[PDB]
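Asker:
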Amino acid sequence: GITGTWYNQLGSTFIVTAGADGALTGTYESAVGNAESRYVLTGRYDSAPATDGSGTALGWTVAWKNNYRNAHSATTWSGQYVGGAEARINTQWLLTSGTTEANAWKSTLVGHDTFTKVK
Amino acid sequence: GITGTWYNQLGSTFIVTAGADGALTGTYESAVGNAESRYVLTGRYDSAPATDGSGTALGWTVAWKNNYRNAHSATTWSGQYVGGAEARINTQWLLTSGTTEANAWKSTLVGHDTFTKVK
Amino acid sequence: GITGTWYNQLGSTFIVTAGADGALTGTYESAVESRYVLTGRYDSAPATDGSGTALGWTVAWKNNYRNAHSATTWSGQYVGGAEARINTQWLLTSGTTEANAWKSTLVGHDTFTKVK
Amino acid sequence: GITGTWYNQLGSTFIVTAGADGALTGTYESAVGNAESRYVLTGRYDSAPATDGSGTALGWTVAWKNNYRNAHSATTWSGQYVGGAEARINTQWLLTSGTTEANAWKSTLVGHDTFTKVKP
Ligand SMILES: O=C(O)CCCC[C@@H]1[Se]C[C@@H]2NC(=O)N[C@@H]21
Ligand SMILES: O=C(O)CCCC[C@@H]1[Se]C[C@@H]2NC(=O)N[C@@H]21
Ligand SMILES: O=C(O)CCCC[C@@H]1[Se]C[C@@H]2NC(=O)N[C@@H]21
Ligand SMILES: O=C(O)CCCC[C@@H]1[Se]C[C@@H]2NC(=O)N[C@@H]21
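Residue numbers (the deposited numbering), protein chains in the order written: chain A, 16 to 134; chain B, 16 to 134; chain D, 16 to 47, 51 to 134; chain C, 16 to 135.
1) I need the DSSP call for B/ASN118, collapsed to helix, strand or coil.
2) Figure out for me which residue from A/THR115, A/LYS121, A/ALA89, A/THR40 has the closest Cα to the Cα of C/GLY48.
3) Work out the CA separation of D/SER45 and C/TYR22 for me, nearest whole Å.
4) When the Cα atoms are used, what is the spatial distance from D/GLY19 to C/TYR96?
5) What three-state label does DSSP hand D/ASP61 in the structure shown?
6) Below 8 Å on C-beta distance, what does B/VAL125 contact in chain C?
7) Can you tell me which residues fall inside 7 Å of ligand 2, judged by beta-carbon distance to its nearest heavy atom, and keep chain order?
8) So, are the CB atoms of D/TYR43 and D/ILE17 less than 8 Å apart?
9) With DSSP run on the structure shown, which of helix, strand or coil describes C/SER69?
10) The beta strand (DSSP E) that contains A/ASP36, what's its start and end?
11) Could you tell me the distance, in whole angstroms, from the CA atom of B/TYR83 to the CA atom of A/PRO64?
12) With a threshold of 7 Å on Cβ separation, who are the neighbours of B/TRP92 within its own chain once the five nearest residues in sequence on each side are excluded?
13) Check whether chain D comes within 8 Å of C/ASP61, counting only Cβ atoms and requiring the distance to be less than that.
14) Which class does C/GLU51 belong to by DSSP, given the choice of helix, strand or coil?
15) Excluding five sequence neighbours on each side, which residues of the same chain lie with their C-beta closer than 8 Å to the C-beta of C/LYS132?
16) For D/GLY70, collect the residues of the same chain with a Cβ closer than 7 Å to its Cβ; drop the 5 residues on either side in sequence, then sort them by chain order.
17) Less than 7 Å separating the Cβ of C/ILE30 from some heavy atom of ligand 6?
18) Taking DSSP as the reference, what is the three-state secondary structure of B/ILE17?
19) Within the 8 Å Cβ cut-off, does A/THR28 reach chain B?
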């Protein structure tokens, strides 16, 4: 279900494996921002979700440092997987940059990403 | 400086190891919510932060399922670690519960936690 | 371009008047009677480089018929053109006791359009 | 207890009047960001809050344009007033800047401000 390759509305690529233990592991490649190529992600998901039609809660983190570039920032996505004919992961995210203490008020962006397995 | 035990303002306990590769691994024990005992956490941090006084960006996820309870929800914390004698991890968080599609509008809580080395 | 009736994807409606001073006034008709006062502000002199027009408004969920002891603010931007939109993120805070304040605020997003 | 002069943890000044109709009016002066002097605010608050010890929900908006400066941005604060012993307004806020469509993903900052009546 969750395991596979997903794309968000920006064209970013989220390759994830959902482990039986509730673990999420994989790579994220952002189409935007101070990022290039793949970054490691790790996360957790509800491996025993409700059976009443509710989505599956999940979250994951990317710290935007790889072998090529370091943005000194990290994003967490929090959301739920909705299965079915048109599988989607609906997320909201927080991106925090490292700042000085005086600039901490503007450290964190918020947004929302929707992932499907298409394009 | 990140590795060790941290406590937030609500009385929750965050036990974490910061790996050399940027991995965060540990356990979270929540003082509030549909939670009981320890939960696995995983996350990522900037393992090569700026040397200009900026904090160290980081994030982690807890899915609120363990051997004792399943809240069908997951929280991600996004923030930065700030060193010194009064070291802190300042975070904002998103808590998404699994919902049906009709209730997705109320799926996600937002808040902020500050973690310190002493409590 | 802001003044008029807008519809979200959830069947809510709001009618707003954008005053020359930057004021937003109108009524929000929810879906998830149900009309509530809305007030807000918008940038009355936006950039002319294709940037959106920043704006925000608040609705306190009390009227003559019910009171949910809560308030939503929407923060976003108006984007003009053929498919005009107001893209928003919102925060809904409910009145809680201090012990429950950690769970007082929901966050989401809404997109409003001039059609349907 | 909402009406008065409030200051947040940054030293910003929030001057507000709560109208009997649920209206919030006043001025906001930010200690940080692309802002100078006072800006108009408007908002709403629950004028018949619960009597069980719960706070009073409220929210307000500032568009960061005044006679001196225009940041092409607007902030909304959503929060609750908590009386008793030491009056406080605890908020979370969203600051949206006007952006191109390509830059809309980075349009919105989020944070939290706590206000008390204690001058810096
Ligand atoms: O610019 C930076 O600091 C690092 C790049 C972050 C890109 C952000 Se993550 C939330 C949003 N979703 C996405 O795919 N890319 C953007
Ligand atoms: O109630 C649930 O769904 C699981 C428990 C959630 C606890 C939340 Se995580 C954000 C906040 N910080 C904390 O330590 N506990 C609360
Ligand atoms: O349940 C309540 O508190 C009263 C109705 C709240 C409606 C919320 Se405002 C954010 C979201 N957008 C919308 O149109 N309706 C929901
Ligand atoms: O920089 C801009 O775009 C306009 C100024 C925004 C200042 C932000 Se509003 C949230 C935070 N609280 C405060 O008092 N000032 C800052």
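All residues carry an ideal CB built from backbone N, CA and C; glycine is no exception.
Answerer: Looking at the atomic coordinates:
1) If DSSP states are grouped into helix, strand and coil, B/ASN118 belongs with the helices.
2) A/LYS121
3) 33 Å
4) 32 Å
5) coil
6) Per Cβ cutoff of 8 Å: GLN107, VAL125.
7) One residue after another in chain order, those with a Cβ under 7 Å from a heavy atom of ligand 2 are B/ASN23, B/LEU25, B/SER27, B/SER45, B/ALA46, B/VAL47, B/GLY48, B/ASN49, B/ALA50, B/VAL77, B/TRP79, B/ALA86, B/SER88, B/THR90, B/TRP108, B/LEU110, B/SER112, B/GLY126, B/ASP128, D/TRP120.
8) no
9) coil
10) No beta strand (DSSP E) holds A/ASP36; DSSP gives it neither H nor E.
11) Straight-line Cα distance between these residues: approximately 15 Å.
12) Within the same chain, B/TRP92 has close Cβ partners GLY74, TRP75, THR106, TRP108, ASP128.
13) yes
14) coil
15) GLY19, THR20, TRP21, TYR22, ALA102
16) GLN95, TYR96, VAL97
17) With respect to small molecules bound, the structure shown includes ligand 1, ligand 2, ligand 3 and ligand 4 and not ligand 6.
18) coil
19) It does not; no Cβ of chain B falls within 8 Å.
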